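**Q** Residues 3211 to 3240, 3450 to 3476 (full-length UniProt numbering) make up the sequence shown, in order. Backbone N, C-alpha and C define an ideal beta-carbon position, used for all residues, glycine too.
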Amino acid sequence: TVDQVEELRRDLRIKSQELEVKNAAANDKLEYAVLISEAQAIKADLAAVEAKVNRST
């Protein structure tokens, strides 16, 4: 379970980097609605991952 927690944290920070990169891409593209939807989906996945991490902690 501890190993699973660490894997969840690593996936959380990797997806955080991905969300920041996609948000920068959307800001550059401000061809925009699709990027907005992708960023919102990544943010929702990050929120679910953070909820799982909080439950694990």
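For the putative contact between residue 3232 and residue 3458, defined by C-beta atoms under 8 angstroms, what is the C-beta separation to the nearest angstrom?
**A** 5 angstroms
**Q** Taking all protein chains shown into account, do 16 or more other C-beta atoms lie within 10 angstroms of the C-beta of residue 3236, making it buried, or fewer, making it exposed?
**A** Residue 3236 is classed as buried because its beta carbon has at least 16 other beta carbons within 10 Å across all chains shown.
**Q** Under 8 angstroms by Cβ, that's how I've got residue 3465 and residue 3218 pegged, so tell me the actual separation to the nearest angstrom.
**A** Residue 3465 to residue 3218, Cβ: 12 angstroms. No contact.
**Q** Do you know how far the Cα of residue 3213 is from the Cα of residue 3455?
**A** 33 angstroms
**Q** Taking 8 angstroms as the limit between beta carbons, can you name the residues of its chain near residue 3222, skipping five residues before and five after?
**A** 3465, 3468, 3469, 3472.
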